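Just dropping this structure here.
Letters are used for the chains, namely A, B, C and D, taken in the order the chains are written, and counting of residues starts over at 1 for each.
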Amino acid sequence: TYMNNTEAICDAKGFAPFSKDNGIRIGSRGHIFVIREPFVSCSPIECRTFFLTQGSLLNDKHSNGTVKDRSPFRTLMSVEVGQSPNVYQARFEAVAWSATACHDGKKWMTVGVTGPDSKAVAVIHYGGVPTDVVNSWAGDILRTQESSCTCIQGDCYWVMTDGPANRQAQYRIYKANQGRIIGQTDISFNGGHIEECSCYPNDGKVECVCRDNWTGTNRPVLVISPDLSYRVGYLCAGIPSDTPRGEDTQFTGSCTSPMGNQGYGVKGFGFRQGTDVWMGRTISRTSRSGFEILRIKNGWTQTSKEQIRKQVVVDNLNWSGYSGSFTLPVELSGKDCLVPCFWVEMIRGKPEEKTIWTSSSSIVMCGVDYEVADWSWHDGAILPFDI
Amino acid sequence: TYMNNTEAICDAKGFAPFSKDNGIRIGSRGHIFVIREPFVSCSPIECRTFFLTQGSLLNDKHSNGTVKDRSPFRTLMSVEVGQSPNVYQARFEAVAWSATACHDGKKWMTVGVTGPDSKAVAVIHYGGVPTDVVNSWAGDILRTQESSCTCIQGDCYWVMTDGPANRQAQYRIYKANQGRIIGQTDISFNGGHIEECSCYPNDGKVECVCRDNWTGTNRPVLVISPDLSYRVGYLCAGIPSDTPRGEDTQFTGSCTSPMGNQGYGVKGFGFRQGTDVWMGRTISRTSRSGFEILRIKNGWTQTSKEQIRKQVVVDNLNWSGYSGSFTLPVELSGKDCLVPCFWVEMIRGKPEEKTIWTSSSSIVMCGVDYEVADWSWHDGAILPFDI
Amino acid sequence: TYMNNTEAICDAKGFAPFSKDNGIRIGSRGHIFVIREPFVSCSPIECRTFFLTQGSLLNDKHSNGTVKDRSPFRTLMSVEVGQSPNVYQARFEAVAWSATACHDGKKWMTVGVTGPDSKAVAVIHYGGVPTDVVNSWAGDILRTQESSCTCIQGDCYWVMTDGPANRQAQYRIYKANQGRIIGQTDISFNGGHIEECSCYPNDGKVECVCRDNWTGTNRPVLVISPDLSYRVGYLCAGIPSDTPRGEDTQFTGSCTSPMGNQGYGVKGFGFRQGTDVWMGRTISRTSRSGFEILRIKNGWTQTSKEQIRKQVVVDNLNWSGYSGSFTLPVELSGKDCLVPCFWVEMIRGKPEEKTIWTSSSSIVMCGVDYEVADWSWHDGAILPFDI
Amino acid sequence: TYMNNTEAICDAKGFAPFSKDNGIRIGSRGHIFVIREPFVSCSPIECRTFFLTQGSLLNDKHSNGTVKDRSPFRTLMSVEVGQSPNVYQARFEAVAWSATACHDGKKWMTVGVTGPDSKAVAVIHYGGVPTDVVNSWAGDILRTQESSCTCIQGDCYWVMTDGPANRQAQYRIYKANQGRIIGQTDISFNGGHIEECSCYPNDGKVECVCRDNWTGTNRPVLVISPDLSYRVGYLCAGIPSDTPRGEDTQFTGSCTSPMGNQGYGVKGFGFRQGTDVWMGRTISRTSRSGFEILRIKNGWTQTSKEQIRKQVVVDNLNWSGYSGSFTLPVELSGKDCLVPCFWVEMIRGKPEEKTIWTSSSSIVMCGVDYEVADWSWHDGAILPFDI
């Protein structure tokens, strides 16, 4: 039975802790994969943490990070949300140095890009087998969300980028049913730049807040209709939500074009709330440390900088990193609306710490009807490790 | 299908061993969480050990206990009753430095309190997702049972405390259906003090024997009707059942008020038997060592000190600690009545042993139709460990 | 749906390897329980290895065997047949320093005896919970099969011994339905001695070949009708099948009384074949080394020493030990008859090897329509271990 | 419900990565079996990696390879495709130093040959139990595919060899239903030589490309009709596909007889494509290093050397080894045709590397509608290990 994700996103005063896996502390002695980009997606029955494995284990010579991001040993695997990315509970998903995964109601669909940078291959899995394939259309590191993809009425949608990391690239929407690609569209977005989209179903369409790694501190935003018509631009709110970024007071927002004169970036998320936005961001405007979620009044549709609520979840004394979006299925939450939820990756080791290795642990938050007090559910590992 | 827990508690001559997990001995070489407060609750199909993890593993630097009780790395997880709290069979439940869990017949409901002491948050999970939330109402370490909660006809009930550990605090009953709080009541109990309740269903109402950490050596007792009307007071029997406590002969019992002039305490349990009580208690009146269960004639309703049966389960040469209550569902035991069962936590390491770490193993006993001989199913680990 | 075990035992020319767990070799680096007495019983859907754990792990200080056989840390757990007794795939069964387990078609029933030698308690589990209890009736180490028990038409039967290890003791049959004891009978057997019975269903009754630890080199044999009437005596064949034992040529068989003037013994098995017997035995008549299965013509009902077939399975250069019986359910094998199967425990470490510890691995053989060549599927661990 | 494998093999432009287990890198610290011959077979619901375990673990004294290939500690076990052959997720299949496994739609059938070389025994398992047996018919190391077997309409077929490794031997087809052998035929093939067949269902018959270890660089090929009539010979294409082998230009192909004057060999695969062939082969013509798949036009039925497509999957700088065939069931892929898929074993350690041990990791590729770029998904372990 196909999941209907046609409802509106729940309006939410605050965010409550869902889980915390404790990957790295546990991996001081347990058998834990060295991972990065640990996103969450939910099936009608259970939510799971997916993650790229570097194919090695914490506290072992193979975690020696000289090993490439985009290596043949990089696999997409998963476990249940809140469990560490450990070998003995891991489920194999796909070979991928960049990934997206989402469940439609019957089965899991996953998309793992691997292979050489000039002609990468993306295998689409459905229910545990390859079902279809996308090739590099631009010969420059084919990539995708690193976050849950979005299934509405049996059809699953996702965004992909082919091209340079720091100048104009090419961006596409892709549409599958039961693991077969059944539609796709280029995204006309000049000067603009889109990477690592964080999407969620909302009102029968698909909203993503993604990353601009070229010019913009604000995040690109698109809304994909079921016929892969779309609208694209930037999260309107007059507050930079990327990293690095300039201070809030030196930033004029825009619904149209990038703002800020910085390159680089980091993956983030945002949730539409009527016309408001819940937008996540690192606390540091410089590095990937600390994490907070601001609610800007009218920020989805205005250059507003009127802030209703702010809730710290990782304090500025602790490393954070990637963040992404997903919803709770109605069939799990009880609600008549789609509960917004996010995860926050917390990076330990290189480049900011003196270890041979790099990995991350995560924490997942879900949208509730109440204000939740500020806190810091930071990673917690005692660095360095035995090496 | 909802579990009916409306039956009476089985009248039981004695207690038979259900399980013994051997957590700490096993964790000398295996991959075992460092845990505390390892209670048991049963679903129509299986009983499980829940436990707070300190997020680290035995024989590892992160077990270094300087780490706070109420830390962001403290998670509620579980395994099947009798299995050790090991990583590779663990199921994630919630982020919580204080927890309660119970199954209603369809799904598991869990409640994990985490966050800062001045405004703690309790996320209610249902079937593996956050469904509702309680906030600190008194700004002083929001807490709960550390024992199975109680589901009668689909609705699950539990007790919570907001306030000081050593003077008057505030106590509430809470009532959920399918993860949504649908009712709650304050508990008018002045001079009295309630913490870490050990509840069980009995006669269509909910009976808890809880801990008074302020004035009383005897245990508070409440009986919650389905409309959250209640009665509250103390276990009548003229025998102190807390720790520390005075000797039996210097103690006049009371159904109304605390007795003994000691502060402190430890979590314990008791089971109504018509008018008698099966009351558990440490053997030492000073420290948490050894464990025994006395049956006092008319002790539920009298100041009686008439003891019918006594059964040692952990001898005074061995560490014990927390204890709690739960029943076997009819759908599991075969019986027309609710089998009383308890667990006993057995604490090793700090503060009484010279290790860096502290954890505990457990043993579960269930009510039977026969006298069972005294014995000691103590923890057994050979301290200290490699460190 | 209840298993009918009313069929006849399959007539079988030979025995084929079912499994080999490799427990001890694997436990040189893996996380493997230190075990003894690893028997097998089958459910309509899967066969499992049960085993007493000493509660510790190979290559760890807690395996230090000074630890008692009959300790409070001794638990009955299980895994699927052929898998090692490892922590992360183990299922908890009961607290027991002596055990029997068997499946009736709906659920697993297990029986774990634990507690003090003067008044031991046997908890009967059904579907994962205590359901009933037997107490010491003779105050001298209550014990049982260490082998699969036998379920015919929903009712499960097993044999127990209360008394001395080396002179007359007391022996009982016990009969459960759904975990409730519903019948029992004393076994009038003077001068005779019964321990550690190896039973199997055959022709709607229950046949056990058990061990006499007092006087007899030949094995006691009983046949339990559904009304717990019985016949008891000795396996007729004129060949000693216990260990230690005298040579075949100095042994006159008997259907009635023990023969041989030795005390001691070891657990073994035998399978009726019309009037023949398949009888297992160590190769060494002195120690527990090597294993073979002889088919004696008319040996169930005669003092015969006419040997049709012999098949070595563990050679005299390798340690063996315990052996037991069980059948394959029709619902698994396809056959219209009950396939005889046995397991052979293979003991490493103390007393015969210079280690601190003692454990064993196993191998399971099933009855087939062909002669199978002699071989040795011995344990294989390289002793001693890191200690 | 029985799987229909009666469809034609999908015509496929290229091969996409299915999985990569990372066994050996992971086994630098994790608990990983030392394995060889890690093939894949699929059930209607999931594909699994089967493998011979040497019964020991990486980084342990028991991996010390002096241990025989054909030892009593050699077991067939399995895990889900893409997961490493680790102890805690392993499922026991059979005792076997040579194996084949395949699922018919209802259950798994496995065939494990073990025992002495002069009279080896092959136990057939069905749904987890021994159901039937084949004995050595030629007294010279009874062996089989090391690759998925083939189930068409409930009946499963497989090829076996009894005889010398380097001169004429004997070869048989075998046909089971529900674990009972129900048919078999000798394969009249003089001068020819057949070992380690790699089969797949195609057009309602069974096609195997196998290994000739006597005279031929080209691979034997057979096509087994459901009545075990057959045709046998050699893959026609004028290109040697074994290892070692001569260069392509010095090789005249044949549909009839072996070509090349070399002994030895290694297991490989091939897939019929109408009249073309997808044939796999090591890159090195000398050693087992690198892996590629050529599509020869008309190569199934001609001496053609017209090459349409070539796709490297493991580069000549990296060890490869065994390869085998299997299909995706329609009930998994969605397709109206049978998706060709193969796996490639990647051997580390002895004989080519300076370690005490030998094992291998694998990677699985499935047939798709597109050209996939060359790459190398090599094993990746950093040799030697701690030993």
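Everything that follows uses one rule, which is that a residue touches a chain if its C-beta (ideal position, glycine included) is under 8 Å from a C-beta of that chain, and two chains touch if they have at least 3 such contacts.
Taking only C-alpha atoms, you rotate chain B by 90 degrees to land it on chain C; that is to the nearest 5. Rounded to whole angstrom units, the spacing between the C-alpha centres of chain A and chain B is 39. Inter-chain spacing, taken between the CA centroids of chain B and chain D, is 56 Å.
For chain D, residues touching at least two other chains, in rising order: 31, 88. Viewed as a contact network, the protein chains form a single closed ring in which every chain touches exactly two others. Put simply, chain D touches chain A in their complex at residues 16-22, 25-26, 28-31, 42, 46-47, 80-84, 86, 88-89, 328, 332-334, 363, 366, 368-378, 380-382. Across the interface of their complex, chain B is touched by residues 31, 53, 55-57, 59-62, 71-73, 75, 77, 87-88, 90-95, 112, 114-116, 118-121, 123, 126-133, 135, 178-180 of chain C.
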